[PDB]
Structure formats: C-alpha cells, structure tokens
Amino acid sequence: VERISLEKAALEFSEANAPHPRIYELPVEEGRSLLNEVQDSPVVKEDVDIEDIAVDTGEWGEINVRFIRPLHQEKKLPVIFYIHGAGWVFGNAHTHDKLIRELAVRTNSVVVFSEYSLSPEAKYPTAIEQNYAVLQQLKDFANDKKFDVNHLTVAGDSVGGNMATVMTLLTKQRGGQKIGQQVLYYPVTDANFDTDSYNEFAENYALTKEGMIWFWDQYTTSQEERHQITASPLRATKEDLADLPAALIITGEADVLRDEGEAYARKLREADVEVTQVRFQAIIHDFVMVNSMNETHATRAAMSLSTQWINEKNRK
C-alpha cells in the first residue's frame, strides 16, 4: 500500500489492477474482452466522422484501417498515422477511441488508425511490416479521405510508440513516404526489465514488470529478435538514428517504461534529432488512453502539449 504521490484516478486505476488474476494472467481472449470493458467506462468523446477500410499489406494479409475525421472540414487536413499500444496482445479502435478522437479534433487532422494483427497469434515482425505497408498507401487514400500526405505525423502509445519510432527507422532505411515528425506516448524502447523505473514501479502501478515480460514473450518467438533495432530501438546507433524525424517523447513518473523512454530521447538528442522530452509527475502507464484517467492534470497537460507541438509542426 506504500505508493509515491499519484493523482487520484491513477491511484484508483492502480488499485483496480492489483487483484489476481491480472490482465496478463487471463487467457488472451479474456484479456482483450477485459480491456474492452474498462474502455466501456463513461468519458466525454469528441464527435467525428469514422470510416473503416480493409487495407492489403501484401505478404502480411488484410487489416482494418480506421479513418477519423473532425466534423465539417472542407479542406485537406494534415494526417496522423496512429499505432495503438496495449502490449501487442490487446487493443483496437474501441480501446483507443477517446484518445484518437481528441487527437483528430485538437490537431484538425485525419487520424489513420491501423488494426494490426495482435500477438501471440501474429509474431514480430508482422505488426511493424503491416504498419509500414499501410503507411506506403496513405498517398492513395489522401484524395478520397481529404488529407495531405506531405504533413505526416506518426504517433503511438506504449508498444505503438515503439512501432511508431520504428516506422521512422524503416522509412529512412527503405526510402518510404516522408514522415515529418513522431509523437511517442510512454513508448517501449528496450527488452530489458532491470532499469531503475522497472524495479521501483515493478508492482502496484497497474502495468507491472511481469506484465511487460509477458507482452514481449507474446511478441517474439526468440531473442536474436529483441536485439534488432526494429524490436528495441534503444539499441540503435547514432548512425541508425541520424536524420530521423523530430520527436516528442512523453513519459510518466510512476511507469516501468519511464527510464527506457527517457534513455531513447537522449540517444535521439545525441544523434542530432530534434527532441522534446517531458515527464509528467504522479501518473502511471496508459494515462492518455484510459477513459477513467481522462481528467487527470497529467492527461490534460500531455494532450495540450502534444496537440500544440503537432499544430506547430503543421502550421509549416
């Protein structure tokens, strides 16, 4: 029961995820249902136009891609390619609904939300190849979905932050659709479970060290995989990271992933990438996604900073 200072909704969400069996101790089908039920909880939602489109990723099959648009926009908007978190095992358009609607409206952008194949049914690198392939097709939707592919932000939370920063790496390496900038909400950057934040916040803050070990076990078959920079971008060299797009990296104080996210920000800064890195106090993992944490000072400030930072980038 001894916690560091937390906002009330973060304490409450930490207590509601203390009991066993925990999400990661359930059969995956019950895990997915449980998070859908958490994200059934009441929240003020921005009103938007939604279209679901089947996209062909070539070798990695067909996935649903959801297009979010703010109401009554007559001009071509900037585009955010958004990659959802929840461990590679959970998540869909419903679990991240409030968050992508707020992004869409406050940045006056089209949000392209890829429903990539979840682990463990699909293994690394399916999801990152599926995401990179719908990125290379944004140009073919731009006209019909009234967005400008030249004003392209990639964004993600947790494992989506992981895969969003990895889209910039694949994009530089293979010469894909130019990404202007990247927004990473408490990303996964490394398969190391022994950072200072990983030990301090191991238990009692909803997401656990054991939770993260299990997610990664669902994600990879092996370990010569977790060393690859498209799995663990924290392992990239200064040369790998050179010329990558401008980054906004948001961490929570009470988060096992805090230190690897802050570590990654430093590597990008040391490779001369423009980096804005900001740690919100008294907040846990998943704080911009979870409906019940929507009115936290951390969620309000992180949403204001991220939308202002994206708006500034798009003004150009």
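The first residue of the shown sequence is 1; numbering continues from there.
Stretch comparison (194-202 versus 77-85) by mean CA B-factor in the PDB entry places 194-202 on top. Comparing 153-161 with 228-236, the higher mean C-alpha B-factor in the PDB entry belongs to 228-236. Out of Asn291, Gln277, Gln281, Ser33, it is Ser33 whose C-alpha atom has the highest B-factor in the PDB entry. Across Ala122, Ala104, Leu184, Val112, the entry's maximum B-factor at the CA atom is seen for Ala122. Among the modelled residues of the chain, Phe147 sits in the lowest third by CA temperature factor in this PDB entry.
Ranked by Cα temperature factor within the chain, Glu129 sits in the middle third according to the deposited record. Remark: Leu6 belongs to the middle third of its chain, ranked by C-alpha B-factor as recorded. Ranked within its chain, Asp49 lands in the highest third, by CA B factor from the PDB record.
Ranked within its chain, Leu268 lands in the lowest third, by CA B factor from the PDB record.
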